[PDB]
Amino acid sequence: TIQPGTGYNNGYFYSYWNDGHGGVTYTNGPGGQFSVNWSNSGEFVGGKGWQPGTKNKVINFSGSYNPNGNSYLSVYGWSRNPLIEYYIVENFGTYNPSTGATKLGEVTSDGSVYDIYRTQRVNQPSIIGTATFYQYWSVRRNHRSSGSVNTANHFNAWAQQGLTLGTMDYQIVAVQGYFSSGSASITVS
């Protein structure tokens, strides 16, 4: 089990962040593998991938994802200049993160239609400190916990709709939770 922070493990970048609440354990395993076990957590996000990401990576993921409450399983990352937190959401628990958000299009990729949304975070943590910034979402209609994500299809559809990305920072397959419980074991490549 590891400290919240970032680094490399078995050739993969990882990021593990939480709000200090307790109730979440994050572990790095062999190769591109990581696990998360959580029970009455606060907020957290963790997983493995790349630093920096790219705008045409094909990301493969495999494993098991068993949320009990509010959680997402996503390709997750940031850009800088502009600061953007983005998600290609492959599965989630009790809450669809696009609830209440305005739909800005659709994209078909990797066996499913996805719906596209923009939201905004106001004075929230980020890779550069507390900030107000937009979030971009592609939400998969057909939920799954293994597959392949052609990120270019998403980034190109976002750009088409006016959701432009700056310079890529990290890019991971992440489990996120918000005051929930669950378990997950995911392998990235």
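So that there is no doubt, residue numbering starts at 1 and follows the sequence shown.
- Annotation for 116-124 versus 133-141: the higher mean temperature factor (C-alpha) is found in 116-124.
- Taking only CA atoms, the mean B-factor in the PDB entry is higher for 30-38 than for the other of 30-38 and 155-163.
- Residue-level inspection of the entry shows that, of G63, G69, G46, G49, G63 has the top Cα B-factor.
- The maximum CA B-factor among the listed residues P82, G93, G77, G100, taken from the PDB record, is found at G100.
- When the modelled residues of the chain are ordered by their C-alpha B factor, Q171 lands in the lowest third.
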